[PDB]
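Just one chain follows, in the form deposited without the RNA, and it is written as C-alpha cells.
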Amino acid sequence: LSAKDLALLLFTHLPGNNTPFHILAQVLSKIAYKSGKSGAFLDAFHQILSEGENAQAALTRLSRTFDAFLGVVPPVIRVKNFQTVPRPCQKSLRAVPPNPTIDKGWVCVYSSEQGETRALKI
C-alpha cells in the first residue's frame, strides 16, 4: 500500500476538499509508509472509525498516539506565496512556533519564495 493510495483511502472518509485534514492525511500517510507501517496505520484508523469516531478526530487521535508519528517535525512545503495554500486551509495558518511537531497539531510548514513561513494548525 503506497502513501498515495493510503492518503486516497483516508480521503474517502473526510468531509470537504483540500482541508487541513486532507493535508494531515497526506503527511501521515507518507510517514507511515516510510516507517513500514502503512498497513498498521490503516488498520488502526479503521479500528477507530468502528468505534464511532469519524475521520477528522480519528486522524488527530492517531497523530498523537501512533508510534510512527511521535515527535516527528512537520514537513516544509514550498509555495510561491500563501495565496497558493488551499482556501479551506487559510484560516488554519499560524506563525511558526519554536518547536512544532505533528503530534502537537502542527501539520506542515508552508514556506514562501522568500522564506516567509506559516504553520498549518489542526
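The first residue of the sequence shown is number 1, and the count goes up from there.
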Given the B-factors recorded for C-alpha atoms, which segment has the greater mean, 20 to 28 or 107 to 115? 107 to 115
Quick check: 40 to 48 versus 93 to 101, which has the larger average CA B-factor in the record? 93 to 101
What third of its chain, lowest, middle or highest, does the C-alpha temperature factor of residue 1 fall into? highest
Of the three thirds of Cα B-factor ranks in this chain, residue 56 occupies the lowest
Taking the chain's C-alpha temperature factors as the reference, tell me which third residue 74 falls into: lowest, middle or highest. middle
Chain thirds by Cα B factor, record data; residue 83 belongs to the highest
Looking at the entry's B-factor column for C-alpha atoms only, identify whether residue 7 ranks in the lowest, middle or highest third of its chain. middle
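Keep in mind the form deposited with the RNA bound is missing from the figure; the text below concerns it.
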Name the residue from 39, 75, 88, 97 that puts a heavy atom within 4.5 Å of the RNA in the entry with it bound. 88
The unique member of 47, 84, 35, 54 whose heavy atoms fall within 4.5 Å of the RNA in the entry with it bound: 54
Sort through 55 to 63, 26 to 34, 75 to 83, 39 to 47 and report the only stretch with a non-hydrogen atom within 4.5 Å of the RNA in the entry with it bound. 55 to 63
Hey, in the entry with it bound, is residue 4 touching the RNA, heavy atoms inside 4.5 Å? no
Residue 122 near the RNA in the entry with it bound, any heavy atom under 4.5 Å? yes
